[PDB]
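Okay, structure first, notes after.
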Amino acid sequence: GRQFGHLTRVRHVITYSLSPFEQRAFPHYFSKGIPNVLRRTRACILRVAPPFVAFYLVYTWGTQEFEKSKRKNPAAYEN
Amino acid sequence: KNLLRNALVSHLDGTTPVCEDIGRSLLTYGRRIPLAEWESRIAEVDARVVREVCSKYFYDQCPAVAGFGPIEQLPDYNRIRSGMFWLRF
């Protein structure tokens, strides 16, 4: 495996950080989170959602044809 | 304790260090605090005092960490923070 100390070369970056006992674990959970999820949702709906409505449409049609075609059917046999 | 006694006395050797000590002691303590008083303070310290006094400032306390250089292997803060207490204690 690989160990801290031998990963890669980094120069010039400062990282400032706080102790957990000094900060909140949920700061603006709703205030900032909700907006954030709305935003990630917008960013991906166009790629995720369409194939699924496409399946959805074929799902309802497909079963619809199945019922009307076979069972419900016995349409005309008139004499 | 002895190391502190030698350090105390080794330090106040010559006019400059003693002057600096008079000058700043008055700023801080308000008085001088003669060698002998320090000696009695030091004498009072035993294992218990070390354990209690250390516990107070060190035990399960959030440290301040500063690091400069090839510090990829410097432990994460949570990890440093967990080193400030002992699970067997």
Side-chain angles (χ1 to χ4, degrees), chain A residues 1-70, chain B residues 1-8 11 20-21 23-30 33 38 41-89:
Chain A
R2 29 226 315 269
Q3 339 161 23
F4 282 107
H6 281 123
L7 301 173
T8 196
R9 172 184 198 64
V10 188
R11 290 252 247 168
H12 316 303
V13 9
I14 306 179
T15 300
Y16 304 90
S17 51
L18 263 189
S19 166
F21 297 91
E22 206 90 52
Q23 46 186 316
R24 295 171 198 220
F26 301 100
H28 310 86
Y29 199 67
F30 307 114
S31 335
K32 274 159 174 278
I34 303 172
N36 281 318
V37 12
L38 294 199
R39 179 205 66 80
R40 301 152 69 180
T41 301
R42 300 184 188 136
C44 76
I45 10 179
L46 277 323
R47 9 264 177 136
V48 178
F52 293 124
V53 345
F55 152 85
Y56 175 151
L57 304 191
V58 177
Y59 165 73
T60 43
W61 181 84
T63 55
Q64 217 37 238
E65 168 66 342
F66 173 64
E67 292 197 340
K68 301 307 121 59
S69 165
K70 189 188 293 177
Chain B
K1 307 208 311 222
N2 289 153
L3 220 292
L4 202 42
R5 310 171 148 124
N6 284 281
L8 186 53
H11 181 243
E20 151 242 53
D21 195 57
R24 100 139 48 108
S25 303
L26 268 71
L27 263 330
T28 58
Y29 322 113
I33 310 200
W38 290 131
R41 262 79 132 82
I42 293 158
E44 264 154 26
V45 183
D46 78 301
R48 201 179 205 248
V49 189
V50 164
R51 274 166 308 183
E52 296 179 5
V53 166
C54 281
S55 285
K56 189 178 174 180
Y57 299 96
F58 281 111
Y59 210 80
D60 195 34
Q61 290 272 167
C62 292
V65 175
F68 186 29
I71 51 159
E72 193 184 85
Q73 206 204 213
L74 175 64
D76 173 271
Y77 187 96
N78 283 298
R79 224 80 146 56
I80 289 166
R81 184 56 180 70
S82 282
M84 300 299 289
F85 73 78
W86 262 358
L87 286 166
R88 335 137 193 166
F89 193 66

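Numbered from 1 within each chain, the chains take letters A, B, ... in sequence-line order. The analysis underlying the following values was restricted to heavy atoms, covering all of them including side chains, and did not include hydrogens, waters or symmetry mates.
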Would you say [atom1] of [X] has more than 12 non-hydrogen atoms from neighbouring residues, nucleotides or ligands within 6.0 angstrom?
| X | atom1 | value |
| --- | --- | --- |
| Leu57(A) | CG | yes |
| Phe85(B) | CZ | yes |
| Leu18(A) | CG | yes |
| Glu67(A) | CD | yes |
| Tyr56(A) | OH | no |

Of all heavy-atom pairs linking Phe4(A) and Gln73(B), the shortest is O-CG, 3.4 Å
State, to 0.1 Å, how close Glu72(B) and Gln3(A) come at their nearest heavy-atom pair, and which atoms those are. OE1-O, 4.1 Å
Looking at OG1 of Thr15(A) and CG of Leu74(B), how far apart are the two atoms once the value is rounded to the nearest 0.5 Å? 10.5 Å
Which atoms of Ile14(A) are under 4.5 Å from chain B, going by heavy atoms: the side chain, the backbone, both sets, or neither? neither
Within-4.5 Å side-chain heavy-atom neighbours: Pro20(A) and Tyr77(B): yes
